[PDB]
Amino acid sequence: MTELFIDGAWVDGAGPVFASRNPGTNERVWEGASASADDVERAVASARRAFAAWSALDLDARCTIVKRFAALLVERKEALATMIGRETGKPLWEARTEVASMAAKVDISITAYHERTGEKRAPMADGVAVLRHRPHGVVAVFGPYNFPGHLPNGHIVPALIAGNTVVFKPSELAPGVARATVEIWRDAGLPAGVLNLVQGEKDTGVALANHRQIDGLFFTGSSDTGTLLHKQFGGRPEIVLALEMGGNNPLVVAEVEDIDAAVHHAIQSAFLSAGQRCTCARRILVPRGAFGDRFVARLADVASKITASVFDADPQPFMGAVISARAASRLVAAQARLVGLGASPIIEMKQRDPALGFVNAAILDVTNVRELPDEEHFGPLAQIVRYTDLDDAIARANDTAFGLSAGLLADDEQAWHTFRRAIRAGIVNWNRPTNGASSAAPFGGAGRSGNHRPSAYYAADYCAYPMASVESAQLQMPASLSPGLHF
């Protein structure tokens, strides 16, 4: 079928055909022609044409549309959740929560727009000071596979509210989800050209990123890809880049009474979404000694009972297959590399079937690795690091160029204050999973995890620029003139 959405219509792409496969069954989910360079040109040209009339609308007219989109997401939740499940492996129970996050994004983004990029007037001596915020123009949005609905929506909704038009390039691993999402935008009444969908693989991505008529590029993906993008835009400060990248996130465990609650939060942190959330814990730092040993044993016990199954299994699994058979193979390979370097498995990762994305929830003790690779997380291979005192835990925690999330499990509030003041990261929790977050707070990694353009609540900030005016309805001479002015 027609798979590109350009200028208000589904059109056929000119580029090579590709497919997505359900990592749990290997059944094809989506298959279609990609967007060639010319298709991308048409998509951008369409966004550019539509921008004048979209940005010229009243704010409330744009808001009415995004709110309609939210209401349709709720109505069509099960179907969209099912597509996310089928295509990416994410369990149906979790997929539903992603859709709920997509809908909830709208009202939060309207509130953020008014808070961060609103409109204000104040008297001043020679007029009225007026602050407005204006959209940049055409923005490219690059989507990921881990939250193929929620994370692109976190760029798209604030971008649209502000009055930008959009060219959306979804991950090649979640084109079906993107199609289903664009369908709902269309039914919500979004005008022709305001959102354009270019499905594709690396060539489609490269063509969009290299286009000279885009005003911004909002990216969610790996630090390696994000960094290359950043390099590619060096010397073009006029393009706004928002790069939301990955991490090497630490979870520090210290003395707690409720050891099972700590284990629970560590399990959520390491293995929710099969370890594929940007904020998942890659390193779990646990003290040497008797308490630390009890924690590891209890963590291994519960983790060994983690069920990994097809997305619509009954009973529902905690996690699904990772995004692909290829990713599962890379994780196993990553474990073998670390074992090469002296790591010792607690729960060894195995890929159940080379054709599928199933790998078990795994725990690798990396304490004896001399120079621990500082590498981005992409699956449920938890690294245990044994430490001495809290100061040692903190130094280890911070031993990374990344800085997305971090957490502390501890009853001692004083350990929290020490930890939180020393740790360098954008999302930092106490006695919660590292993947816990307020939907109404900013979300931005430090170091290589970002480019100081936090998203979520602060997405507004990169979706519009301030335009400050002094307005004087009456033109008037000043009563007294600067020296040297003779009228």
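Numbering starts at 1 and follows the sequence shown.
Should the higher mean CA B-factor in the entry be assigned to 317-325 or to 247-255?
The stretch with the larger mean CA B-factor is 317-325.
Do the CA atoms of 171-179 or those of 214-222 have the higher mean B-factor in the entry?
Mean CA B-factor is higher for 171-179.
When you compare the CA B-factors of 285, 104, 141, 290 as listed in the entry, which one comes out on top?
Among 285, 104, 141, 290, the PDB entry lists the largest C-alpha B-factor for 290.
Sort 404, 408, 92, 192 by C-alpha B-factor from the entry and give me just the highest.
Spelled out: the listed residue with the top C-alpha B-factor is 92.
Which third, lowest, middle or highest, does the CA B-factor of residue 470 fall in along this chain?
Its C-alpha B-factor belongs to the lowest third of this chain's values.
Mind checking which third residue 34 falls in for C-alpha B-factor across the chain?
For residue 34, the deposited C-alpha B-factor lands in the highest third.
Is the Cα B-factor recorded for residue 351 in the lowest, middle or highest third of its chain?
It falls in the top third of the chain.
Hey, what third does residue 464 fall into on Cα B-factor, ranked over its chain?
Ranked within chain, residue 464 CA B lands in the lowest tercile.
In terms of the CA temperature factor given in the entry, to which third of its chain does residue 158 belong: lowest, middle or highest?
Lowest third of the chain for residue 158's C-alpha B-factor.
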